[PDB]
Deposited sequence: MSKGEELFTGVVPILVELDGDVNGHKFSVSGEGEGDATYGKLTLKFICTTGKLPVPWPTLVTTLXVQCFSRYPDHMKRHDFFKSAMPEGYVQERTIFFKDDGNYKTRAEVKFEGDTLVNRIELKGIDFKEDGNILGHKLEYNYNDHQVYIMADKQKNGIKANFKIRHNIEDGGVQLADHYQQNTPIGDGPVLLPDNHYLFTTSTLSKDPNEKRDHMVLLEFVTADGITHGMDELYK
């Protein structure tokens, strides 16, 4: 199926075009994924200079098709079944007591490369808040994602919270609303409701002088 496109190591390209409170920025990312292990490694670069938001706030936006679905679950892997034509992924992300991101992405194969091409629009942020003021720690608290079928849109939806550590204490909440719809006309497996579990690790490359994020991620269904 589309699952057959994921039995090996797959190069990943990520491209993001963003505007948060008028700060226009661009992120490009490259790496690879191996769904057999649910493993992702990726380096992101802010190609327009300094990133105007903290890197952790972009993690969820910057490929759930790479999750390890155990054999008894492969039947519900909407994300792979939509390949290679892919799927649109849309989110609104509300930052508590601050602004919100609206994102639209196409995830699809371009040849042998899995590509995630994103537009991001952030509005109504506080210029001195936790996001625009760079007050978030450079780490991550993952959260499980309850993927639910949305029969009417022949796709899936989800809603989940991410907690971002604020420097010196406390947590900045990011309330995620998500929906995904297939791009192709093919047959697509609408899944039974289930969770995706993710563990992310953020680091830096000591040889990289541009504003950047190295990201290691494992994701598995259950």
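*Asks:* List the gaps, meaning deposited-sequence segments with no CA coordinates, ordered along the sequence.
*Replies:* Missing from the model are residues 1 to 2, 65, 226 to 236.
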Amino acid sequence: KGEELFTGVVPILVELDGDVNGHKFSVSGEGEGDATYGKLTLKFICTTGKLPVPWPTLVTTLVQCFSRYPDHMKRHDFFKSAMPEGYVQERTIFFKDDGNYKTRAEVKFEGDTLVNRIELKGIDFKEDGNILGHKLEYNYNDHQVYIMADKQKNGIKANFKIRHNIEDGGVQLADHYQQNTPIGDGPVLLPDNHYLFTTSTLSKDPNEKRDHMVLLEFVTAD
From here on, numbers count along this sequence of modelled residues.
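*Asks:* Higher mean Cα B-factor in the deposited model: 51 to 59 or 188 to 196?
*Replies:* Averaging CA B-factors over each stretch, the winner is 188 to 196.
*Asks:* Which is higher on average in the deposited entry, the C-alpha temperature factors of 17 to 25 or of 201 to 209?
*Replies:* Result of the comparison: 201 to 209.
*Asks:* Of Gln172, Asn154, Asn159, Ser67, which one's C-alpha B factor is largest in the deposited record?
*Replies:* The C-alpha B-factor peaks, among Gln172, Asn154, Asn159, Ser67, at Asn154.
*Asks:* Hey, out of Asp128, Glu90, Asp124, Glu119, whose CA B-factor is highest in the deposited coordinates?
*Replies:* Comparing C-alpha B-factors across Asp128, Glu90, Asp124, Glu119, the maximum falls on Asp128.
*Asks:* By its CA B factor, does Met73 count among the lowest, middle or highest third of the modelled residues in the chain?
*Replies:* According to the entry, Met73 has a C-alpha B-factor in the chain's highest third.
*Asks:* Of the three thirds of its chain by CA temperature factor, lowest, middle or highest, which one includes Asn139?
*Replies:* Within its chain, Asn139 is a highest-third residue by C-alpha B-factor, going by the deposited values.
*Asks:* Could you tell me which third, lowest, middle or highest, the C-alpha B-factor of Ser81 occupies within its chain?
*Replies:* For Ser81, the deposited C-alpha B-factor lands in the highest third.
*Asks:* Sort the modelled residues of this chain by their C-alpha B factor and say whether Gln178 lands in the lowest, middle or highest third.
*Replies:* Its C-alpha B-factor, which the entry lists for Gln178, ranks in the lowest third among residues of this chain.
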